[PDB]
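Report on one structure; see the data block that follows.
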Amino acid sequence: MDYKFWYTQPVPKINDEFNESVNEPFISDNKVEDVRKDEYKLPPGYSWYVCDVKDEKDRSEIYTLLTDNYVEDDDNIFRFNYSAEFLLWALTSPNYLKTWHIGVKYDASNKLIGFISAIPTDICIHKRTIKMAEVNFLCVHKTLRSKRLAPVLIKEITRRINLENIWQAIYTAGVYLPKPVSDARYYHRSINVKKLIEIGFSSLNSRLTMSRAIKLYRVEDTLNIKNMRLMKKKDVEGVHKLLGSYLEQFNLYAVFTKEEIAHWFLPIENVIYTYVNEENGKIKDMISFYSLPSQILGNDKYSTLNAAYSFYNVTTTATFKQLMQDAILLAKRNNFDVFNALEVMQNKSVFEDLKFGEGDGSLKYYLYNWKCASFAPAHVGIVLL
Ligand SMILES: CCCCCCCCCCCCCC(=O)CSCCNC(=O)CCNC(=O)[C@H](O)C(C)(C)COP(=O)(O)OP(=O)(O)OC[C@H]1O[C@@H](n2cnc3c(N)ncnc32)[C@H](O)[C@@H]1OP(=O)(O)O
Ligand SMILES: COc1cccc(CC(=N)NC(=O)c2ccc(Cl)cc2OC2CCNCC2)c1
Ligand SMILES: [Cl-]
Ligand SMILES: [Mg+2]
């Protein structure tokens with residue numbers, strides 16, 4: 001609650017509130033020529049390390065660090081378990097910098113004990129498009145917590161981003177920091193009810209016996225949009241047009257190039273699933289979701305919760321409810337146990353009807369070095385990884 005580090009950074013104070021007409025950096029007229037050229041100082045016996053995410057072995061090291069040390073749910077039952085291949089896709093998007101993929105090693109073990117990453121992306125906030133970094137995967141080894149490593153990681157990636165004449169960033173966290181531009185609850189749609197019950201993800205009452213819970217969450221194996229199919233390279237221009245058009249209504253969204261569309265949407269097994277409805281060689285409807293397993297900590301029977309996370313979903317030929325009903329069936333068809341979605345975009349309107357349950361927390365959206373009015377999650381049009 002003191003935010004001793006955060007309060008030194010160009011982010012709003014916890015009591016700052018800005019008019020709708022304020023939409024600008026906290027610190028303008030920055031100069032690349034003035035940016036520190038020296039790496040930030042690490043504690044004795046630790047070293048910066050530039051990770052090559054395209055090298056299987058370096059990628060494996062980041063994977064291991066995240067598997068053992070990344071985000072857990074509030075009750076420490078689950079831990080996110082991003083796959084190696086997901087990390088490769090997440091970090092090697094168009095115009096990515098290797099030098100924004102930053103490790104820290106303990107010199108004596110040669111072991112990776114900290115990470116932070118960013119990728120470039122054009123972000124439209126309140127109708128101004130700004131070159132930004134999207135920051136993700138900040139992680140410090142569980143054995144080294146509350147030693148103020150995280151601010152060094154932050155300050156070092158800020159410096160390397162600033163060297164590229166980028167002065168804004170976007171990120172998200174579960175934790176409250178100075179100061180969200182928006183705050184979105186997450187919801188879950190049970191698919192394998194029994195499993196989710198057995199692992200303590202979901203529960204039963206005397207009203208809801210096991211057979212009744214299973215029957216509740218039953219879906220028909222038949223698509224509302226019969227032609228919905230895996231996206232193909234030929235669809236890239238059609239998706240770019242459909243998605244790009246739709247995203248303009250929002251207060252915060254990424255501005256995608258065709259190269260970014262192909263990267264972010266072309267399907268990769270166990271990473272990203274995009275489906276399209278093509279009519280007359282035109283893309284009219286799209287569904288997408290990414291795969292993010294959680295490791296189930298100390299359950300005798302199951303080791304992994306497979307989960308699909310709603311990415312971007314646009315319909316022009318069905319209702320948004322029918323579209324999302326199809327997104328659920330498609331995730332069931334891909335052996336997911338649960339479908340997760342944030343109350344962003346049009347999502348919340350379908351949660352009651354599609355039998356989504358409210359989850360235990362929320363995801364806060366932040367900008368660095370940007371001053372603007374905050375807004376309700378309906379007005380958020382971007383989903384980070
Ligand atoms: C223009 C370019 C700008 C680029 C940069 C943009 C900004 C990018 C910012 C990064 C966005 C990343 C987004 C992202 O990856 C998605 S959110 C996921 C973050 N990762 C985890 O939660 C994994 C599990 N936790 C850990 O590994 C550690 O607890 C971490 C490393 C989180 C904190 O390590 P620690 O050992 O627990 O703590 P200290 O070293 O003692 O440091 C304490 C200081 O860290 C502040 N803190 C804690 N969690 C934070 C978080 N999630 N964002 C930002 N700040 C966070 C905290 O408030 C405190 O500052 P304060 O005293 O002022 O309160
Ligand atoms: C069930 O396993 C979990 C494992 C770890 C943490 C949690 C609880 C949680 N924090 N959930 C979510 O943040 C989350 C829950 C639902 C959704 Cl739709 C998105 C979420 O965040 C994602 C996007 C930001 N980067 C991480 C993925 C759940
Ligand atoms: Cl400093
Ligand atoms: Mg620390």
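Here, A, B, ... name the chains of the structure tokens in the order displayed, residue numbers run from 1 inside each chain, and ligands are numbered from 1 in the same displayed order.
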Could you pull out the residues sitting within 9 Å of ligand 3, using only C-alpha atoms and all ligand atoms, and write them as number ranges by chain? A: 40, 151-152, 155
Could you list the protein, DNA and RNA residues that have any atom within 6 Å of ligand 2, counting only C-alpha atoms and all ligand atoms, and write them as an mmCIF file with N, CA and C atoms, in the first residue's frame?
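Dumped to out_39.cif:
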data_model
loop_
_atom_site.group_PDB
_atom_site.id
_atom_site.type_symbol
_atom_site.label_atom_id
_atom_site.label_comp_id
_atom_site.auth_asym_id
_atom_site.auth_seq_id
_atom_site.Cartn_x
_atom_site.Cartn_y
_atom_site.Cartn_z
ATOM 1 N N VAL A 71 2.459 -17.819 -11.768
ATOM 2 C CA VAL A 71 1.238 -17.425 -11.042
ATOM 3 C C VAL A 71 0.427 -18.608 -10.541
ATOM 4 N N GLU A 72 -0.043 -18.512 -9.299
ATOM 5 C CA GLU A 72 -0.933 -19.548 -8.698
ATOM 6 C C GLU A 72 -2.208 -18.841 -8.435
ATOM 7 N N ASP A 73 -3.264 -19.618 -8.301
ATOM 8 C CA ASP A 73 -4.584 -19.069 -7.956
ATOM 9 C C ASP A 73 -4.495 -18.683 -6.457
ATOM 10 N N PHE A 78 -3.596 -24.430 -7.859
ATOM 11 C CA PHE A 78 -3.194 -24.522 -9.287
ATOM 12 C C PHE A 78 -2.056 -23.550 -9.545
ATOM 13 N N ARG A 79 -1.276 -23.875 -10.536
ATOM 14 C CA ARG A 79 -0.263 -22.962 -11.063
ATOM 15 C C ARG A 79 -0.302 -22.944 -12.614
ATOM 16 N N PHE A 80 -0.270 -21.749 -13.232
ATOM 17 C CA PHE A 80 -0.274 -21.698 -14.704
ATOM 18 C C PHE A 80 0.923 -22.476 -15.254
ATOM 19 N N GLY A 174 -3.073 -9.682 -11.741
ATOM 20 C CA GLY A 174 -4.112 -9.992 -10.740
ATOM 21 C C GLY A 174 -4.024 -9.039 -9.576
ATOM 22 N N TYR A 186 -12.946 -12.377 -14.307
ATOM 23 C CA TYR A 186 -13.078 -13.564 -15.130
ATOM 24 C C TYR A 186 -14.147 -14.578 -14.707
ATOM 25 N N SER A 294 -3.261 -25.459 -16.376
ATOM 26 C CA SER A 294 -2.708 -25.252 -15.047
ATOM 27 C C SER A 294 -2.260 -26.592 -14.473
ATOM 28 N N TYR A 309 -8.881 -20.342 -23.138
ATOM 29 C CA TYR A 309 -9.090 -18.993 -22.798
ATOM 30 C C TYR A 309 -9.592 -18.173 -24.038
ATOM 31 N N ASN A 340 -12.630 -20.212 -20.334
ATOM 32 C CA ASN A 340 -12.462 -19.122 -19.448
ATOM 33 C C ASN A 340 -12.673 -17.864 -20.297
ATOM 34 N N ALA A 341 -13.296 -16.847 -19.722
ATOM 35 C CA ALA A 341 -13.440 -15.567 -20.480
ATOM 36 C C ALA A 341 -13.479 -14.407 -19.498
ATOM 37 N N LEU A 342 -13.003 -13.226 -19.897
ATOM 38 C CA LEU A 342 -13.032 -12.005 -19.105
ATOM 39 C C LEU A 342 -14.314 -11.227 -19.552
ATOM 40 N N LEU A 363 -8.787 -9.358 -13.398
ATOM 41 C CA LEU A 363 -7.546 -8.950 -14.073
ATOM 42 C C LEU A 363 -7.582 -7.433 -14.312
ATOM 43 N N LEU A 384 -4.618 -9.980 -23.370
ATOM 44 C CA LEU A 384 -3.217 -10.387 -23.264
ATOM 45 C C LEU A 384 -3.097 -11.858 -22.885
ATOM 46 N N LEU A 385 -1.878 -12.394 -23.005
ATOM 47 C CA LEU A 385 -1.633 -13.829 -22.823
ATOM 48 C C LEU A 385 -1.290 -14.189 -21.406
#
As a quick test: using only C-alpha atoms and all ligand atoms, which residues lie no more than 6 Å away from ligand 4? Give them as an mmCIF file with N, CA, C and O atoms, in the first residue's frame.
data_model
loop_
_atom_site.group_PDB
_atom_site.id
_atom_site.type_symbol
_atom_site.label_atom_id
_atom_site.label_comp_id
_atom_site.auth_asym_id
_atom_site.auth_seq_id
_atom_site.Cartn_x
_atom_site.Cartn_y
_atom_site.Cartn_z
ATOM 1 N N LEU A 144 13.547 -16.631 -3.923
ATOM 2 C CA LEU A 144 14.140 -15.293 -3.902
ATOM 3 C C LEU A 144 13.134 -14.167 -3.824
ATOM 4 O O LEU A 144 13.416 -13.031 -4.184
ATOM 5 N N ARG A 145 11.950 -14.475 -3.338
ATOM 6 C CA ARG A 145 10.884 -13.477 -3.234
ATOM 7 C C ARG A 145 11.107 -12.416 -2.126
ATOM 8 O O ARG A 145 11.731 -12.731 -1.072
ATOM 9 N N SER A 146 10.650 -11.198 -2.403
ATOM 10 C CA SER A 146 10.547 -10.063 -1.528
ATOM 11 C C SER A 146 11.937 -9.554 -1.222
ATOM 12 O O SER A 146 12.183 -9.088 -0.112
ATOM 13 N N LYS A 147 12.851 -9.755 -2.171
ATOM 14 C CA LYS A 147 14.161 -9.150 -2.156
ATOM 15 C C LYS A 147 14.338 -7.963 -3.106
ATOM 16 O O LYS A 147 15.449 -7.498 -3.356
ATOM 17 N N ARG A 148 13.241 -7.418 -3.596
ATOM 18 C CA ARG A 148 13.291 -6.259 -4.521
ATOM 19 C C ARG A 148 13.969 -6.585 -5.862
ATOM 20 O O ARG A 148 14.487 -5.706 -6.509
ATOM 21 N N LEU A 149 13.970 -7.863 -6.263
ATOM 22 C CA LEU A 149 14.413 -8.203 -7.649
ATOM 23 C C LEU A 149 13.479 -7.699 -8.703
ATOM 24 O O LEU A 149 13.926 -7.344 -9.786
ATOM 25 N N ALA A 150 12.179 -7.631 -8.408
ATOM 26 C CA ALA A 150 11.226 -7.369 -9.473
ATOM 27 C C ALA A 150 11.430 -5.916 -10.020
ATOM 28 O O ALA A 150 11.379 -5.723 -11.233
#
The residue from A:47, A:288, A:69, A:30 with the smallest atom-to-atom distance to residue 266 in chain A, counting only C-alpha atoms, is A:288
Provide the CA of residue 219 in chain A to CA of residue 200 in chain A distance in Å, to one decimal place.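 One can read the CA of residue 219 in chain A to CA of residue 200 in chain A distance as 22.1 Å.
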Here is a test: counting only C-alpha atoms, which residue of A:378, A:372, A:213, A:133 is nearest to residue 26 in chain A?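 Closest residue, counting only C-alpha atoms: A:372.
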Dump the neighbourhood of ligand 1 as JSON, numbers by chain: all residues within 8 Å, distances computed on only C-alpha atoms and all ligand atoms. {"A": [1, 2, 3, 4, 5, 6, 7, 8, 66, 69, 70, 71, 72, 114, 116, 117, 118, 132, 133, 134, 135, 136, 137, 138, 139, 140, 141, 142, 144, 145, 146, 147, 148, 149, 150, 151, 152, 154, 155, 157, 158, 159, 161, 162, 166, 167, 168, 169, 170, 171, 172, 173, 174, 175, 176, 177, 367, 368, 369]}
Pick from A:221, A:279, A:269, A:259: nearest to residue 333 in chain A, with only C-alpha atoms counted? A:221
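Near residue 60 in chain A, within 10 Å and counting only C-alpha atoms, sit residues 53, 66, 83, 84, 85 and 87 of chain A, not including residues fewer than 6 positions from it in the same chain.
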Pick from A:345, A:188, A:274, A:263 nearest to residue 361 in chain A, counting only C-alpha atoms: A:188
Would you mind telling me which residue in A:301, A:284, A:229, A:241 lies nearest to residue 199 in chain A when using only C-alpha atoms?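 Of A:301, A:284, A:229, A:241, the one nearest residue 199 in chain A is A:301, counting only C-alpha atoms.
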Using only C-alpha atoms, which residues sit within 10 Å of residue 355 in chain A once same-chain residues fewer than 5 positions away are excluded, as a PyMOL selection string? chain A and resi 187-190+216-217+350
